[PDB]
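Colleague: Experimental structure and sequence below.
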Amino acid sequence: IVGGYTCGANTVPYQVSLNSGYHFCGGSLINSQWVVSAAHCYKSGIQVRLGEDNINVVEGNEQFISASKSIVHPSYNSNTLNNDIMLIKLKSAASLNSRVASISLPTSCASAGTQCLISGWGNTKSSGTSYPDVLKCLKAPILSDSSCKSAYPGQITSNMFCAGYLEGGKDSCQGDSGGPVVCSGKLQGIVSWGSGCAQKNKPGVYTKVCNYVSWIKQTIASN
Ligand SMILES: Cc1cc(Br)c([O-])c(-c2nc3cc(C(N)=[NH2+])ccc3[nH]2)c1
Ligand SMILES: [Ca+2]
């Protein structure tokens, strides 16, 4: 997260860190046994770390559970990143409480101007890699579709939305992929891509979760 602030330990209880011997992506806990992340974060050998704040120190509240299966959306296209969503079932249910809790899925899509909270342990530099030890937060508004399409002509599908600042300086970045974009207490986006990080006129692009709610519910139901 570039231009963000330290969230404060366990202030984002649904945030998860996907770990394969190092933190590589974020994710959101939607129920005690399932996490939603981005399909481009897929890999085998994933350990889900819940209740985390400092990813390099065990401080208490952490729960490490291995993933039982990861279901990448069947229509995920790695060249366009259309349908960039993935579900991970945990080997055992997490214990929920106030430090580890699920986030609700939306009932409607959000409109441009809605302010959201994006969080993650991704890069905090737009020029260079500086990964933090504690969770960073950023408040960003969803942008209108014309500003999003004028920024990435021909690369935005109806399953994506832009959120951020066209003046640059504040944005999500590598390491934040798979993480949550929460607006009014609902998970509305998943950190997906962008050109560079916090660059002028190049906002972050997020998976539009309201378009996948029936899919998420049907898939969790049949698995
Ligand atoms: C080289 C590389 C590899 C991976 Br894997 C990424 O997810 C990314 C990446 N760039 C990103 C840029 C943004 C942004 N909001 N500007 C968000 C996620 C990103 N993820 C970059
Ligand atoms: Ca820790």
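Modeller: Okay, I see it. Numbers count the residues shown, from 1 in each chain. Ligands and ions are numbered 1, 2, ... in the order given.

Colleague: Give me the residues contacting the lengthiest helix in the chain.
Modeller: Looking across the chain with DSSP state H, the single longest helix is helix 213-221. Outside helix 213-221, the residues that touch it by Cβ atoms under 8 Å, 6 or more residues apart in numbering are 30-31, 34, 36, 71, 73, 85, 87, 105-107. Heads up, the C-betas are built off the backbone N, CA and C, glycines and all.

Colleague: among these, which are in strands?
Modeller: Residues of the contacts of helix 213-221 located in strands (DSSP state E): 30-31, 34, 36, 71, 87.

Colleague: Pull the contacting residues for the spatially most central residue of the chain.
Modeller: For the chain, the residue nearest the mean C-alpha position is residue 179 (1.5 Å; Cα atoms, centre = their mean). By Cβ under 8 Å, 6+ apart, the residues touching residue 179 are 15, 25-28, 37, 118-120, 122, 172, 190-191.

Colleague: residues near residue 155, how many?
Modeller: By other Cβ atoms under 10 Å, the residues close to residue 155 number 15.

Colleague: quick one on the thing from earlier: just checking: which of the contacts of helix 213-221 also lie near ligand 1?
Modeller: Applying Cβ under 6 Å from any ligand atom to these, one finds that nothing falls near ligand 1.

Colleague: Reformat those residues as JSON lines; add neighbour count and distance to ligand 2.
Modeller: Output for those, formatted as JSON lines (neighbours: other Cβ atoms under 10 Å; distance: Cβ to the ion, whole Å):
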{"residue": "30", "neighbour count": "21", "distance to ligand 2": "22"}
{"residue": "31", "neighbour count": "16", "distance to ligand 2": "23"}
{"residue": "34", "neighbour count": "23", "distance to ligand 2": "22"}
{"residue": "36", "neighbour count": "27", "distance to ligand 2": "22"}
{"residue": "71", "neighbour count": "18", "distance to ligand 2": "27"}
{"residue": "73", "neighbour count": "20", "distance to ligand 2": "30"}
{"residue": "85", "neighbour count": "25", "distance to ligand 2": "27"}
{"residue": "87", "neighbour count": "22", "distance to ligand 2": "25"}
{"residue": "105", "neighbour count": "18", "distance to ligand 2": "27"}
{"residue": "106", "neighbour count": "20", "distance to ligand 2": "30"}
{"residue": "107", "neighbour count": "8", "distance to ligand 2": "34"}
